[PDB]
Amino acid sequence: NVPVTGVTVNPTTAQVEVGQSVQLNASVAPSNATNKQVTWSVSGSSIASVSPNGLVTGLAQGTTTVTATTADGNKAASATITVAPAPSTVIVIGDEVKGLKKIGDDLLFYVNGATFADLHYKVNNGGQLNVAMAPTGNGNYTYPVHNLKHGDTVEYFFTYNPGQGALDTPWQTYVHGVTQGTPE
């Protein structure tokens, strides 16, 4: 018997990174309205997901609009959600002789001090890819894997010849945006 007069969404704006999420609050007026149910909706669902409780999750770079609409009265308020780039910062996961630099959503694989170096890698349940790593020109090597998303699972190991003869590396698993690096 106490009708909804209005709604507002707080925060009214928010920046998340990909895989990051932010809880939104629908504020229904008056305080003692009989029906305080709202429907959450988003106009760019490839940018950000919203749950039935207004938890918003960053899916991909962009700005979108999340709307709370009241069950009683169909009053609507909206917030602007900016999903930001993965920082351009370099994070080393590996050692002097071989591993990864995570550089945003590309992975730069490296082998220092070899006569050659191949990378063997797979992403999620896609197949093995074998690549010869590019020579820097000083006995060092690199190969970029491009455009991973949050939760991409990377299994890789190297083949290379540091002197004595060609050596295989132990496989490693990298999950994009969960494997901790060293922020160098």
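Residue numbers here begin at 1 and follow the sequence given.
In this crystal structure, the stretch out of 132-140 and 37-45 whose C-alpha atoms carry the higher mean B factor is 132-140. Per-stretch averaging of Cα B factors for 80-88 and 102-110 places 80-88 on top. Note on the listed residues 14, 18, 9, 166: the highest Cα temperature factor in the record is that of 166.
Among all modelled residues in its chain, residue 32 ranks in the highest third by Cα B-factor.
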